Amino acid sequence: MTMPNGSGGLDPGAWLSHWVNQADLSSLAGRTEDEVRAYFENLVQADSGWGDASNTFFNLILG
Amino acid sequence: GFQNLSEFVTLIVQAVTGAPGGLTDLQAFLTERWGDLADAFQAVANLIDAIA
């Protein structure tokens, strides 16, 4: 379970790669409801398929 | 039966006026024909005044 290389053994594209702690343990207390909610609301707003559907609905279908 | 509001607007414009186009085209045609209609009504008034 050891990585002979350094931080390069981690996978940056993993699902929970943003939440793997290396030395920033002060951020653990910042994982409350509000901050996680804001992060995931930002992701959902940035979601691409829903945005394309919004463009199609409001620009094409609705003129 | 309309695919979208844009096509529906074009159909409305074609139904009200012969020339196809947008809402601006509809407004322009209606304004021009309103001016012509006002000119004709003033011509009727001028006929009344002239026969007077």
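Calculate, in whole percent, how much of the Cα-Cα pair population of chain A lies beyond 18 Å.
Above the 18 Å cut-off, chain A has 60 percent of its Cα pairs.
In a Debye calculation with equal point scatterers on the alpha-carbon sites of the protein assembly as shown and no solvent, what is log10 I(q)/I(0) at q = 0.10, 0.11, 0.17, 0.23 Å⁻¹?
Cα-only, vacuum Debye calculation for the protein assembly as shown: -0.66, -0.71, -1.00, -1.22.
Counting only Cα atoms, I'd like the Rg/Rh figure for chain B, Kirkwood definition for Rh.
Radius of gyration over Kirkwood radius for chain B works out to 1.31.
Could you work out how far helix B:23-51 tilts from the main Cα principal axis of chain B, as a 0 to 90 degree angle to the nearest 10?
Helix B:23-51 and the main axis of chain B meet at about 10 degrees.
Can you check what the net charge comes to around B:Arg33, using other residues whose Cβ is under 14 Å from the Cβ of B:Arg33 (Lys, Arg +1; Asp, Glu -1)?
My count for the surroundings of B:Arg33 gives -4.
What's the local net charge at B:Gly18, with K and R +1, D and E -1, over the other residues with C-beta under 12 Å away?
0
Please determine, in degrees from 0 to 90 and to the nearest 10, the orientation of helix B:5-16 with respect to the longest principal axis defined by the Cα atoms of chain B, where the helix direction is its Cα long axis.
With rounding to tens, the tilt is 30 degrees.
Summing +1 for each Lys or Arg and -1 for each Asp or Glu, what net charge is found among the other residues whose Cβ lies under 15 Å from the Cβ of A:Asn59?
Charge balance in the 15 Å sphere: -2.
Ordered by residue, what ³J(HN,Hα) values in Hz, to whole numbers, does the stretch A:33-44 give under the Karplus form 6.51 cos²θ - 1.76 cosθ + 1.60, where θ = phi - 60° and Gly and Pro are x?
In residue order, the calculated couplings are 4, 5, 5, 5, 4, 5, 4, 6, 5, 4, 4, 5 Hz.
Where a number appears in this text, it was derived from the coordinates with a stated rule and is not lab data. Ideal geometry is used to build each Cβ from the backbone, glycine not excepted, and the neighbour counts take in all protein chains shown.
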